[PDB]
Ligand SMILES: CCCCCCCCCCCCCCCCCC(=O)OC[C@H](COP(=O)([O-])OC[C@H](O)COP(=O)([O-])OC[C@H](COC(=O)CCCCCCCCCCCCCCCCC)OC(=O)CCCCCCCCCCCCCCCCC)OC(=O)CCCCCCCCCCCCCCCCC
């Protein structure tokens, strides 16, 4: 069959978010609140196109919007964020409940210096609507033509001509 | 019976039996063509109902 089309290695170069998972988990709710729109544009494009190769640029926007998220933490609130993700980082399951006072200090410093409200219980799991300018994929499965069905039954049912027609039976 | 009655009764019998014979030959040919091609209402062995397929957004996108 045909040749698969891989993008170049230059099309895969982006400035990586080189932080650990406890840094991401400590900043997760404010990341979902602030970096909402390009993340949801990317995931809409990702569930609609069903191809990562059709989703690179929006993905780069995700990797563009995460970094601007962290710099805006790193400029203003590096101390409560560091003290909070260290405590998140201690736990082997990375519990939020072990770290509520560092969470409260990080939320206080962020709400004072940046005005970000942490999302309540239920908010980040909502199904949201996304207004994009890319087109809807008309054939996302790349399906070819389907076979035509067999012709249906039509016409009023007349009796059997001369019955069963079984060898000598007249009905 | 009259020769008229037996004669025309015989012709009615011959019409009925010749029509039955032509229809039996057609029945053989129809069964042969439908088993060969599968495009008639007979020999329609089932395939999977596509009303069973889930069309919701799944947990992972590539599907
Ligand atoms: C106003 C509203 C009301 C109106 C009412 C109008 C009517 C008023 C009268 C009411 C009564 C009507 C009766 C029914 C209509 C006539 C049917 C008829 O005679 O068909 C002839 C039928 C076909 O001959 P036909 O000349 O081409 O057709 C004449 C009509 O057009 C026949 O018409 P058809 O072409 O439309 O017939 C359709 C088709 C015509 O037939 C065919 O297309 C051919 C296939 C027939 C079957 C062949 C099977 C062969 C292999 C098995 C053989 C078994 C062994 C034989 C018997 C052993 C002893 C029991 O019939 C069948 O296929 C059915 C099978 C035969 C059943 C006949 C009725 C039996 C009822 C009483 C049963 C009593 C026992 C009988 C003996 C058991 C065996 C039947 O003859 C035979 O098949 C030969 C055997 C005789 C059958 C039974 C005769 C009925 C009277 C029996 C009285 C004596 C009983 C003695 C005691 C018990 C036995 C020891």
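Checking each residue in region A:116-163 for being within 16 Å of the ligand (Cβ to nearest atom) and surrounded by 10 or more Cβ atoms within 10 Å (Cβ to Cβ) picks out A:160, A:161, A:162, A:163.
Yes or no: residue B:5 surrounded by fewer than 11 Cβ atoms within 10 Å (Cβ to Cβ), within 11 Å of another protein chain (Cβ to nearest Cβ) and not in a loop (DSSP other than H, G, I, E, B)? So residue B:5 does not fit the description; no.
Just a yes or no: is a residue in region B:15-38 part of a loop (DSSP other than H, G, I, E, B), out of contact with any helix residue (DSSP H, G or I) (no Cβ under 6 Å at 6 or more places or on another chain) and within 25 Å of residue A:150 (Cβ to Cβ)? Don't jump to the end; show me each part of the working.
Let us first name the residues in region B:15-38 that are part of a loop (DSSP other than H, G, I, E, B), namely B:38.
If we keep only those that are out of contact with any helix residue (DSSP H, G or I) (no Cβ under 6 Å at 6 or more places or on another chain) as well, we get B:38.
When the remaining residues are screened for being within 25 Å of residue A:150 (Cβ to Cβ), the result is B:38.
Within region B:15-38, one or more residues are part of a loop (DSSP other than H, G, I, E, B), out of contact with any helix residue (DSSP H, G or I) (no Cβ under 6 Å at 6 or more places or on another chain) and within 25 Å of residue A:150 (Cβ to Cβ).
If a residue must be touching a residue at least 40 places away in the same chain (Cβ under 8 Å) and loosely packed, with under 13 Cβ neighbours inside 10 Å, how many such residues does region A:1-57 contain? Adding up the residues that qualify gives 10.
Laboratory data are not the source of any read-out in this text; all were calculated from the coordinates shown. Don't worry about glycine lacking a Cβ; one is built from the backbone with ideal geometry, like all the others, and counts go over all protein chains shown.
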